[PDB]
Amino acid sequence: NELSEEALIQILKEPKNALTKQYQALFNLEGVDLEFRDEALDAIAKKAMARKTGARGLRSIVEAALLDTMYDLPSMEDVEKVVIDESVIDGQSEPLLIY
Amino acid sequence: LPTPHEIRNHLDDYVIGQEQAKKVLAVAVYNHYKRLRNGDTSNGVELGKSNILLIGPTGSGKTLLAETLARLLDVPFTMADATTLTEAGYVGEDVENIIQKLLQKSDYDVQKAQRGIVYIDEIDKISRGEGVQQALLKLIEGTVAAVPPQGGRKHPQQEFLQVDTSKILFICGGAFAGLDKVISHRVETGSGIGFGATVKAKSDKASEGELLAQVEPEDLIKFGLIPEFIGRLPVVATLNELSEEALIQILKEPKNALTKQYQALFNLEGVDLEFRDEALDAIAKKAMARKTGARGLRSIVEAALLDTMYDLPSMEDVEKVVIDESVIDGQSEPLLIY
Amino acid sequence: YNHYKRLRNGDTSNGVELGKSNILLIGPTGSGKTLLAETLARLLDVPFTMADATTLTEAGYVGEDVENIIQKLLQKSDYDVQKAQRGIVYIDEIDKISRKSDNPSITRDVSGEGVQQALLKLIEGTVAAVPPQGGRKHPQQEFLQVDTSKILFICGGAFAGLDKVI
Amino acid sequence: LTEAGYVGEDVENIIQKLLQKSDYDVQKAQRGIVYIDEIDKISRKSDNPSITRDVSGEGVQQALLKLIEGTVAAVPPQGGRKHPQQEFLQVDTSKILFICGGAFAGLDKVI
Amino acid sequence: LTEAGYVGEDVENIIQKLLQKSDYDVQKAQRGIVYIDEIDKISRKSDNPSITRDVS
Amino acid sequence: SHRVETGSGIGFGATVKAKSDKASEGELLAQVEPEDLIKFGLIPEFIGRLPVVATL
Amino acid sequence: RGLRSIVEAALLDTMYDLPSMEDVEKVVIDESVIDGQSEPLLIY
Amino acid sequence: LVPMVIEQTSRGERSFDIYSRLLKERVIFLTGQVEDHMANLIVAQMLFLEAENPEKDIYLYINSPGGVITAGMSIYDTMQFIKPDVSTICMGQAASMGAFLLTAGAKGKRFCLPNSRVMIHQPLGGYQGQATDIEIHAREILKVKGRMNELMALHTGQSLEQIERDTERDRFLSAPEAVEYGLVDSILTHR
Amino acid sequence: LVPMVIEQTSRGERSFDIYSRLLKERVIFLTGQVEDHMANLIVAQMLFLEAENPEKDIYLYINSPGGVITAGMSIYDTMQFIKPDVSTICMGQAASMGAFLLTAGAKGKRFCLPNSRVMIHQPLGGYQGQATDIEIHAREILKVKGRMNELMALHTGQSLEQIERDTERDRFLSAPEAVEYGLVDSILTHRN
Ligand SMILES: Nc1ncnc2c1ncn2[C@@H]1O[C@H](COP(=O)(O)OP(=O)(O)O)[C@@H](O)[C@H]1O
Ligand SMILES: Nc1ncnc2c1ncn2[C@@H]1O[C@H](COP(=O)(O)OP(=O)(O)O)[C@@H](O)[C@H]1O
């Protein structure tokens, strides 16, 4: 059967090779923690349905939101953790940073 | 592995006018190299490859960005053309040959070859042979490729070297000229022929740059790209255009600038070479007329200096040579100093 | 589970032979059809490989031959026909092989119906000559005889438009 | 099976397989039985003009015409041990029984 | 010229021919010139079923 | 020619190109570019390695 | 060949869980099982 | 004979008539005397475009010496009913019914060419029969007159009294005069 | 009937109409009595060509005996509105309205055949009804007369007084006389 919006949200976190875990692992090895809030996860799934990209699109949506921070995170120092919210998903708001 | 900021700094010296695309390439290529740096992946979670998709006009610097990265971080680099694969016959043999070409520069080392950066161009052309995309997507997925070691008259079937393309970064460059219209129809007013419709095709091209930045998967499927292929290219970097002013900068600002290259050849000859500011725009004007972007710059200057290069060795005691806009036009001959 | 049990029947205390049962995964694109095949290779003990049906073509043409499928399965099996016979195979994009609408057959479809006619004997089980490595079918004396009777096949494709038919 | 001079397998490969069962004994193979499945597949596509060469189809049928009645087939000497001194085995198929079989889909419409 | 390992020819022999003219002196050999006539003839072609492989 | 051919118009004020002055080998090969050579079959990397082009 | 498909569907559920199930000595299939309304009877 | 135009896109090439090609651009051509059949065709175009996209604006080129009043109301009501803003551009001329549709366009999206002529007049009608039936039809047409004047006053912004005196007899107007009167918003002199 | 023609392009063979084929080359045919229906067809052709290439010129071939002013005036405003220049060629004849569109073409691009006849006259119309209505319609047509003469003087370059006197009655002008009057610029005698 075809995937649903709620199923896409589950795919973001429940799978062993979940996209959230992959990006978190990339941040964790760098030495900075990463956290994806529930509001951000639901927004990401909606964007995939809005663009009709589907399950594969999850990588593209996450890439845009973390594009700015990934570029500046190595240069920055004393960053204990990064947080993403629904506002950051659309792009209007800047990513929350924890020192 | 230099930081994303450092990668952009090095790219700025070699390429200019693509700062936005450089950031996308820098952060994306950094993560892939970081993934290779952390290739051990002791944890169960396995990081996924992020393939970049370059969308820009002809002669905008797509290819130059590929090899420049390899020069910074020594890794094998190979180029390919989608048009070559349009035949759609025995596509498997052609795609694995790309790995064989990469292995030639990687000393036929699977580990070193896996870290190479592959580049492809003219992707828009295949969009509509549809079959090539079906086979091409498998290469981006990451699959083992059987390649014979250093050629060889004959070798056992097992002897063939096996390289996994899962760890290779693929950059599928392209130039989607007609995609701008599709985006305007979705973002701007649908009308394109009425009185109210915006048909102000001044040809300035400034608006197209911002318009291409709003590229989404919806416009790609309209162009003919299959959704499966689009999904494997999450990262997208857009080059707007090379401006006439920027073309003047490209002539002299880059490290291995065209003027510096010719000056070096003339320097060993013993005669100084000079280019006036008016002369630089003349080359840019001729280059823009050709519509080949920065590619035409080499031909224009080469033709301008063809005559002097032939006769200047015969001339003796020539202390210096100067070039002006008239010389580029061809009406005049460059000044000679003694 | 049945696949492994069939291998366990090699003793053949009883003359009855356990015939295989192939699977046909029909689902929309992006539903994890390809993912299911990749997630099995991790635990699968027997050789497993993946291919694309679109590339395959009828014999005697420049496109491809169905016998090449076994070549990929031999790579994982270390080119050992003994163990390769007990492997599993996955064929993606089988939907494209469907016959075109109202074809008079004068066109002599190579990408479609021709591929199906060749696979028939392959799936049911028959000795298939396999080139040693990356070579076209030709008078070359060296050929690998691999029996597909025990090589299970799982054909997965997205039959777009089938919903309207149903 | 395909017509000679093309990528597909040659018709003579059948005699080679029969020899393998006979341990490359021409006498045993010459009196062996052969079965050809899916014979319906190699059929002209109801196109008598024959504008294009049907190498996999009509070409196979034409090649098979002389084999069934009898021909001095050529095959590798012994398991393709080596190319030097080929001395391709000569096998007469005049006494080799052939049993073709296939599912002729659409024949009912013709009858 | 043909692909290596075939009856036609090997590309590497071109360097050996240049040495014979210069008496195998690596110093002067590097300063030699090469002229490959009929270069267009080896232009890429599509695959042929009848032909075993496209060596050229 | 297919790439640099402007085409002949049909109107009264358009410019008609007769077969006599259609084109010639001279002045046509001079406008050769790497893209056209690739269609012939040459590898793009090979063309890039040959910047100097002498057209007769 | 169609016979195999019919039997596979009927025995799909039992084969899936019968190995894990304990103290099961025999299984019975009836006409209702072929229809799919009922599950095959399990003998313990 | 309408000419055929070829539209070239990545998917392929399609052939369309000149009117259908412009229809893709949300351009409807109102021409000739207004009637039930032509008006029904315009209505079908409005609904079709609304379905394709209910946000993009629709353009309407008006060139007609008026026509049936009932057919005109169908077009006017349809424009207001659908969410998309319907722009109106006067080409050549716009008589009583054409002018009513012209000024009925969305506020700020009403245009007219510099040499266009706009004429407005009261409704025209007639009935033959018994005196009792005449009184019925006379009241009906008078109600239509008051209703049309009220609608014209709303879009133009002129007072109802001013609209009544002006529309008692034929009043030819020019593009600049229409702007001050309120029938149109601006003139499209050049691009 | 209209004869079909084949256009050879890399995409494949394309069967075009004789008029549609010329429309692809930015050629518009204005033939017959000018009316609202044909004018909207020409207007659509102009707008379509503007979108394809606003830089390239458009060639309008005028062979007609004239017609309605309102319909003809919608074509004049369209030509001036669009950015591309509209070249006008006179074939056979160009009456009052056909001549206004002919002279309305882009400066330097207006052409006329050597044997073509260009006739210009003042607007003609009529009304029936009460005296009050006659005054309204009489004033309207006179304003149109001044409006048309003002524009005609602008393109031709002649003074308004001269145009008014010359257009008081039917005046036939040959191709060379039209050049001096200013209606056209050059005569296309033979292809060069
Ligand atoms: N900023 C720049 N500095 C120096 N050279 C440039 C710059 N931009 C473009 N070029 C030159 O233009 C050429 C464009 O090549 P390529 O990217 O292959 O063309 P295309 O993108 O059309 O395929 C390069 O070889 C490069 O030398
Ligand atoms: N439940 C799921 N969890 C994670 N990924 C999924 C899931 N379902 C589908 N996918 C995604 O779908 C992709 C594989 O599907 P695809 O190869 O497009 O199927 P097909 O090619 O047969 O249409 C994978 O990249 C995977 O990330």
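Residues numbered from 1 in each chain as written, not as in the entry; some residues may be left out. Chains lettered and ligands numbered in written order. Part of a larger assembly, values for the part shown. Heavy atoms only, no water.

- Method-wise, the PDB entry is recorded as coming from cryo-EM, at a reported resolution of 3.1 Å.

### Topic: helix α1 (residues 5–13) of chain A
Logical step 1: Every buried residue of α1(A) is listed here: A:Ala7, A:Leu8, A:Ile9 and A:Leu12.
Logical step 2: Here the buried face of α1(A) lies against α2 (19–30), α3 (38–51) and α4 (57–65) of chain A. (Buried < 20%, exposed > 50% of the residue type's maximum accessible area, 1.4 Å probe, protein only. Helix = DSSP H or I, 4+ residues; strand = E, 2+ residues; numbered from the N terminus. Contact = heavy atoms within 4.5 Å.)

### Quick notes on the sheet that holds strand β10 (residues 335–337) of chain B
In a beta sheet, neighbouring strands pair by backbone hydrogen bonds and run either parallel or antiparallel.
All names here are of chain B.
Logical step 1: Taken in spatial order, the three strands make up an open sheet running β8-β9-β10, and their pairing is mixed. Across the chains shown, the open sheet's two edge strands, defined by having one partner strand only, are β8 (272–275) and β10. Taken pair by pair, the neighbouring strands of this sheet meet at an average axis angle of 20°, ignoring direction.
Logical step 2: For strand β9 (residues 320–323) and β10, the ladder comprises three bridges, and the chain directions are antiparallel. Paired with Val 321 across the two strands is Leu 336, which belongs to β10. (Pairing = 2+ DSSP bridges. Axes fitted to C-alpha atoms, helices over the stretch in contact; angles between N-to-C directions.)

### Side note on the UniProt feature "active site" in chain I
Residues and elements named next belong to chain I.
Logical step 1: In the UniProt entry, the feature "active site" is given for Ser 96, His 121 and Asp 170. Of the residues just listed, which span 75 residues, no C-alpha pair is farther apart than 8.8 Å, and they cluster in one region. Put simply, the named residues that line the largest cavity are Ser 96 and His 121.
Logical step 2: Considering the arrangement of structural elements, one finds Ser 96 in helix α4 (residues 96–103).
Logical step 3: Once residues lying within four places of it in the same chain are set aside, the contact partners of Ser 96 are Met 119, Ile 120 and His 121.
Logical step 4: Mapping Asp 170 onto the fold places it in the loop between α6 (160–166) and β8 (171–174).
Logical step 5: With residues near it in sequence (within four places) discarded, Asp 170 still touches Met 119, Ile 120 and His 121. (UniProt positions renumbered as here; feature names shortened; annotations may be inferred. 1 Å grid on protein atoms, 1.4 Å probe; cavity = no way out; pocket = protein on both sides within 12 Å on 5 of 7 lines; lining within 4 Å.)

### Quick word on helix α1 (residues 13–21) of chain D
Residue and element names in this part refer to chain D.
Logical step 1: Turning to α1, its buried residues number three or more, namely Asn 13, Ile 14, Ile 15, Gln 16, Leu 18 and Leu 19.
Logical step 2: Close packing links the buried residues of α1 with α2 (26–30), β1 (33–37), α3 (58–69), β2 (72–75) and β3 (89–92).
Logical step 3: Just downstream of α1, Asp 23 is the residue with a positive phi angle, here 65°.

### Thoughts on empty space enclosed by the protein
Residues and elements named next belong to chain I.
Logical step 1: Counted as a void, the largest cavity has a volume near 70 Å³.
Logical step 2: For the largest cavity, the full set of lining residues is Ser 96, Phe 100, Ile 120, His 121, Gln 122, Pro 123, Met 148, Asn 149, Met 152 and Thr 167.
Logical step 3: For the lining of the largest cavity, the elements supplying multiple residues, two or more each, are α4 and α5 (131–156).
Logical step 4: Among the elements that take part in the lining of the largest cavity, α5 stands out by supplying three residues, more than any other.
Logical step 5: Taken together, the residues that form the lining of the largest cavity break down as five nonpolar, five polar and no charged. (Points joined across faces, edges and corners; volume = space filled by probe spheres on them. Nonpolar A, V, L, I, M, F, W, Y, C, P; charged D, E, K, R; others polar.)

### Focus: the site of ligand 1
Residues and elements named next belong to chain B.
Logical step 1: The environment of ligand 1 is formed by 14 residues, the closest being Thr 58, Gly 59, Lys 62, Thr 63 and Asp 121.
Logical step 2: A distance of 3.4 Å is found between a nitrogen atom of ligand 1 and a backbone nitrogen or oxygen belonging to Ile 16.
Logical step 3: At 2.5 Å, a side-chain N or O of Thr 63 approaches an oxygen atom of ligand 1.
Logical step 4: Its free accessible area being 570 Å², ligand 1 has 77% of it covered by the protein chains.
Logical step 5: Among the elements that make up the shell around ligand 1, the one with the highest residue count is helix α3 (residues 62–72) (three residues).
Logical step 6: Among the residues making up the shell around ligand 1, the classes are represented as seven nonpolar, four polar and three charged.
Logical step 7: A domain split of the shell around ligand 1 shows at least three residues from each of domain 1 (1–240) and domain 2 (241–338). (Near = heavy atom within 4 Å. Polar contact = N/O pair within 3.5 Å; in protein donor to acceptor, adjacent residues only side chain to side chain. Areas by Shrake-Rupley, 256 points an atom, 1.4 Å probe, with all protein chains shown as cover. Domains from an automatic or database assignment.)

### Quick word on the packing of aromatic side chains
Residue and element names in this part refer to chain H.
Logical step 1: By the definition in use, this model includes ten aromatic pairs over all chains.
Logical step 2: Ring centres of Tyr 19 and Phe 29 lie 5.7 Å apart, and the angle between their planes is 65°; this geometry places the pair in the edge-to-face category. With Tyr 19 in helix α1 (residues 18–23) and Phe 29 in strand β3 (residues 27–31), this pair connects stretches of sequence that are ten residues apart.
Logical step 3: Under the relative-accessibility criterion, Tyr 19 is labelled partly exposed at 30%.
Logical step 4: Where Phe 29 meets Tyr 61, the ring centres are 5.0 Å apart and the plane angle is 80°; that geometry is what we call edge-to-face. Of this pair, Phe 29 sits in strand β3 while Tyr 61 sits in strand β4 (residues 58–64), and the two are 32 residues apart along the sequence. (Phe/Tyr/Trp six-rings, centres within 6.5 Å; stacked < 30°, edge-to-face > 60°.)

### Observations concerning a nonpolar patch on the surface
Logical step 1: Together, E:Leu1, E:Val11, E:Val34, E:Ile36, E:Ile39, E:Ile42, F:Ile43, F:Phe46 and F:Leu50 give the surface a local cluster of nonpolar side chains, amounting to about 790 Å² of exposed area.
Logical step 2: Its location among the elements puts E:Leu1 in the segment before α1 (13–22). (Patch = residues over 30% accessible without salt bridge, like charges linked within 9 Å, V, L, I, M, F, W, Y side chains within 5 Å. Salt bridge = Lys/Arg side-chain N within 4 Å of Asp/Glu carboxyl O.)

### Some points on the arrangement of the chains
Logical step 1: Ranking the 15 pairs of chains in contact by contact count places chains H and I at the top.
Logical step 2: The closest approach of any C-alpha atom in chain D to one in chain F is 24 Å; the two make no contact.
Logical step 3: Between chain G and chain H there is no contact, and the shortest C-alpha to C-alpha separation is 42 Å.

### A short note on the pattern of salt bridges
Logical step 1: Taken as a whole and judged by the stated rule, the model has 53 salt bridges over all chains.
Logical step 2: A salt bridge links A:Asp68 to B:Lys23, with the nearest nitrogen and oxygen atoms 3.2 Å apart. Taken as a pair, A:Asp68 in helix α5 (residues 67–72) and B:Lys23 in helix α2 (residues 19–37) lie in two separate chains rather than in one.
Logical step 3: Between D:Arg53 and D:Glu3 there is a salt bridge, with the nearest N and O atoms lying 3.1 Å from each other.

### Details of the interface of chain B and chain E
By a widespread convention, an interface's size corresponds to the accessible area lost as its parts come together.
Logical step 1: With six residues of chain B in contact, the opposing surface of chain E contributes five residues.
Logical step 2: Summing both sides of the interface, chain B and chain E together bury roughly 400 Å²; the carbon and sulfur share of this comes to 42%.
Logical step 3: The largest contributions to the chain B side of the interface with chain E come from B:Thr84, B:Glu87 and B:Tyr90, which together make up 69% of the buried area.
Logical step 4: Counting the contacts that link chain B with chain E gives zero salt bridges.
Logical step 5: Viewed at the interface, chain E and chain B are joined by zero residue pairs in polar contact.
Logical step 6: Looking at the side of chain B that touches chain E residue by residue, the class counts come to one nonpolar, two polar and three charged. (Buried area = accessible area lost by both parts, 1.4 Å probe.)

### Notes on the environment of B:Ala82
Residue and element names in this part refer to chain B.
Logical step 1: With respect to the helices and strands, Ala 82 occurs in the loop between β2 (77–81) and α4 (91–105).
Logical step 2: Residue class for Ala 82 comes out buried when judged on its relative accessible area of 3%.
Logical step 3: For the pair formed by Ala 82 and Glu 122, sequence separation is 40 residues and the distance between their alpha carbons is 5.8 Å.
Logical step 4: For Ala 82, the contacting residues outside a window of four places in its chain are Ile 120, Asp 121, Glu 122, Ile 123 and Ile 126.

### A word on the site of ligand 2
Logical step 1: Around ligand 2, a shell composed of 13 residues is seen, among which A:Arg56, B:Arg232, C:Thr29, C:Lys33 and C:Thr34 lie nearest.
Logical step 2: Between ligand 2 and C:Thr29 there is a distance of 3.2 Å, counted from an oxygen atom to a side-chain nitrogen or oxygen.
Logical step 3: Within the contact set of ligand 2, an oxygen atom lies 2.5 Å away from a side-chain nitrogen or oxygen of C:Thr34.
Logical step 4: Its free accessible area being 580 Å², ligand 2 has 80% of it covered by the protein chains.
Logical step 5: Residues that form the shell around ligand 2 fall into these classes: three nonpolar, five polar and five charged.

### Things to note about the interface of chain H and chain I
Logical step 1: Each side of the interface is counted separately: chain H has 32 residues, and chain I has 34 residues.
Logical step 2: When the two sides are added together, the surface that chain H and chain I hide from each other amounts to roughly 3,200 Å², 59% of it contributed by carbon and sulfur.
Logical step 3: The largest per-residue losses of area from chain H upon contact with chain I belong to H:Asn115, H:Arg169 and H:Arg191, which jointly make up 20% of the total buried on that side.
Logical step 4: Taken together, chain H and chain I are joined by four salt bridges.
Logical step 5: Here chain H is connected to chain I by eleven residue pairs in polar contact.
Logical step 6: Elements supplying a minimum of two residues to the side of chain H that touches chain I: β1 (4–8), α1, β3, β4 and β5 (86–94) of chain H.
Logical step 7: Partitioned by chemical class, the residues of the side of chain H that touches chain I number 16 nonpolar, ten polar and six charged.

### Describing the packing of helix α1 (residues 4–14) of chain B against α2(B)
Residue and element names in this part refer to chain B.
Logical step 1: Interaxial distance between α1 and α2 falls to 9 Å at its minimum, and their mutual angle equals 135°. What the angle tells us is that α1 and α2 run oblique. The interaxial crossing formed by α1 with α2 has right-handed handedness. Facing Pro 4, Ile 7, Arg 8, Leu 11 and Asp 12 of α1, the residues of α2 in contact are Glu 19, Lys 22, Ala 26, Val 29 and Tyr 30.
Logical step 2: Among the residues forming the contact of α1 with α2, the class breakdown is six nonpolar, no polar and four charged. (Parallel < 35°, antiparallel > 145°, perpendicular 65-115°, else oblique. Left-handed = near helix turned anticlockwise from the far one by under 90°.)

### Let's talk about unusual backbone geometry
Logical step 1: Positive phi outside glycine occurs at A:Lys52, with the angle close to 60°.
Logical step 2: In this fold, A:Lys52 is placed in the loop between α3 and α4.
Logical step 3: One non-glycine residue with positive phi stands out, namely F:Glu27, at about 75°.
Logical step 4: When you line up the elements, F:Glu27 lands in the segment before α1 (34–40).
Logical step 5: Residue classification places F:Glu27 among the exposed positions, given a relative accessible area of 62%.

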